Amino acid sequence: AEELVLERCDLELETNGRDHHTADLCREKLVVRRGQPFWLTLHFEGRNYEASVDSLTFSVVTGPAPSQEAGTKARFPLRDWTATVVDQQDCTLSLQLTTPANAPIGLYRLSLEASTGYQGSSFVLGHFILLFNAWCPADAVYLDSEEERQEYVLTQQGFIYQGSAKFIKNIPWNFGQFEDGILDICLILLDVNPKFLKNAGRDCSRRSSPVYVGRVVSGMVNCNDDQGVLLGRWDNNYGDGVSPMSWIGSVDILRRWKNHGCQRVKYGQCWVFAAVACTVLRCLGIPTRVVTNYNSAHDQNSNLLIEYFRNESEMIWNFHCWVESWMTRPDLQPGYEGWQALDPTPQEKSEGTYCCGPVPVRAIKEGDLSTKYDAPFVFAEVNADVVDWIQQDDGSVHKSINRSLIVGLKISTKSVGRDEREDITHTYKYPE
C-alpha cells in the first residue's frame, strides 16, 4: 500500500464552536475548551485510512519549549489526550479528540505522523486554542449553574457600580471578550508577562492553573513593573491621553495596547483596570465578575487600621473596583473553592510587584489572613477600623475610633441575567 497523502484537515469550526460555547471565537480559527471532546475530519488524496494497514500518531505542542513532563506536549495514537475514529466515508476520516481537564491553556499546534510499517511521514494538521472549561465537572473552573456560566463567562455587556455609598451610580460596560482579535491579544498579554520572559517553558506549563493565570492577569493589566496594559492617573489632567471616564468598554483599550507594540494606554482608574481584567479572564474562560466596594480603605502599613492625623494619613476611597474569579484552590487547605478576589489596580506591592490575589473571599470573611494571596490588604479594604489621632491643646494625642465613616459598604456586582445590582457585602464580612 502506498503511503497516505493528506489533502486537508477540516477543524469543524461550526460544530465545535457550538458544542464548546466558543462560537464567536471560532469564526476563523478553532477554539475549544479543555476536558471536552472535539471533532476533526481528515480528507485524503489517494486511498483512505485502513485500520489493518495504517498507524496514525498525533502530537500536540504549546509554547516555545514544549515537553511531556510539563504537560505542554503530548503524543497519542489513533485508537487523557486521545483520538478515535467516528466515521469513514469515501476519502474522509471523521475523528474525535479529547484533552485533559487540567491541560495548559493556549495555542497548540496539532501534527499527524502516518506509517505503514516503514518510514513515517509527518503532517501539520493545524492549530487550535485551548481554554478553561466552566462546563466541565473535572475542570478547576467548573461552575455548576448554567445561568451563572452565561453571566460570568459568555455575557459581553454588563454594569459597573461607581459613585459613593450615599450616591450609588453605574455605567454600562462592553467587556467585548469575543470581539475579533481580543483572544489573540489575551495570549499576547500572557506571552509578554515577566514569568514568560524569564522561563517560557515553565510559564506555559503553569497556565494549567486558573490561580496562576489569575495572578498573572492582576499584574499585567497595569503597566507598572512590566509590559502591562493601563497607566493609572488620578489628578484630573488627561489631556495627553484618554480620560478614564471616556471609556465605555475594554476593546478599545486592548486594541490600543496591541497596536502600539504593548505600550501603556493612558489612562485608567480602578473600574477601568477591573473591567479589562474581567474581559481577559472571561475571554480565557474563567468565570469572572466586577465588584465595587464603597468607602474602600488603603492600608499602607498592614495593621488593619486606617489612621488619620488631625489638628486641634491613609486614605479611604469613595469607591474601589476589583474582580472575582471562580475556581478551586488545590494550593490551599480544603474549603476555599469559589470566588477569588483579584485586584489589578496598583495600590500595595505584593512580593515586589503591583499584583494582588487571588484570595478566597471566604478567607476574607472568616479572617483567615495567612491564606495566600494578599489577604491582609483585601481584608483591610472591606473591614478596617478608622482611627483618628487628634492632637489636644495640651500637646497629647487622643486616639479615637471614627464611626462616621464606615469602611466597606454596599459591596456590589451586576445581578445574574438582569440589569439590577446585587449586594454581596455579606460575602466579604459578617454583620456586627
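Residues carry their position along the shown sequence, with the first being 1. Just so we're on the same page, rigid core means the largest C-alpha set that superposes within 1.5 Å between forms.
After a core fit, does 117 to 125 or 337 to 345 show the bigger CA gap to the shown form in 5 other deposited structures of this protein? Stretch with the larger root mean square C-alpha distance in 5 other deposited structures of this protein: 117 to 125.
Which of the two stretches, 195 to 203 or 216 to 224, moves more in 5 other deposited structures of this protein when the core is held fixed, judged by C-alpha RMS distance? The more displaced stretch in 5 other deposited structures of this protein turns out to be 216 to 224.
Other compared entries missing residue 135, a third or more: Comparison shows residue 135 kept in all of the other entries.
With neighbours modelled on both sides, does residue 393 go without coordinates in a third or more of the other PDB entries compared? Comparison shows residue 393 dropped in at least a third of the other entries.
Could you bin the unmodelled part of the deposited chain lying between residue 312 and residue 313 as none, 1 to 3, 4 to 9, or 10 or more? Unresolved stretch here: 4 to 9 residues.
With respect to the deposited sequence, is there a break between residue 166 and residue 167 in this entry, and if so is it 1 to 3, 4 to 9, or 10 or more residues, or none at all? None; the chain is continuous from residue 166 to residue 167.
Of 31 to 39 and 64 to 72, the stretch whose C-alpha atoms average the higher B-factor in the entry: According to the PDB entry, the answer is 64 to 72.
Of 198 to 206 and 283 to 291, the one with larger mean CA B-factor: Mean B over CA atoms: larger for 198 to 206.
Sorting 130, 265, 332, 220 by Cα temperature factor from the record, which one lands on top? Comparing C-alpha B-factors across 130, 265, 332, 220, the maximum falls on 332.
Highest recorded Cα temperature factor - choice among 259, 155, 115, 345: Going by the entry's C-alpha B-factors, 115 comes out highest.
Ranking the modelled residues of this chain by C-alpha B-factor as given in the entry, is residue 377 in the lowest, middle or highest third? As the PDB entry reports it, the C-alpha B-factor of residue 377 lands in the middle third of its chain.
Mind checking which third residue 424 falls in for C-alpha B-factor across the chain? According to the entry, residue 424 has a C-alpha B-factor in the chain's lowest third.
Could you tell me which third, lowest, middle or highest, the C-alpha B-factor of residue 81 occupies within its chain? Middle third by C-alpha B-factor.
Ordered by C-alpha B-factor within the chain, which third holds residue 138? Give me lowest, middle or highest, please. Tercile = middle for this residue's CA B-factor.
Should residue 411 be placed in the lowest, middle or highest third of its chain by the C-alpha B factor in the entry? Tercile = lowest for this residue's CA B-factor.
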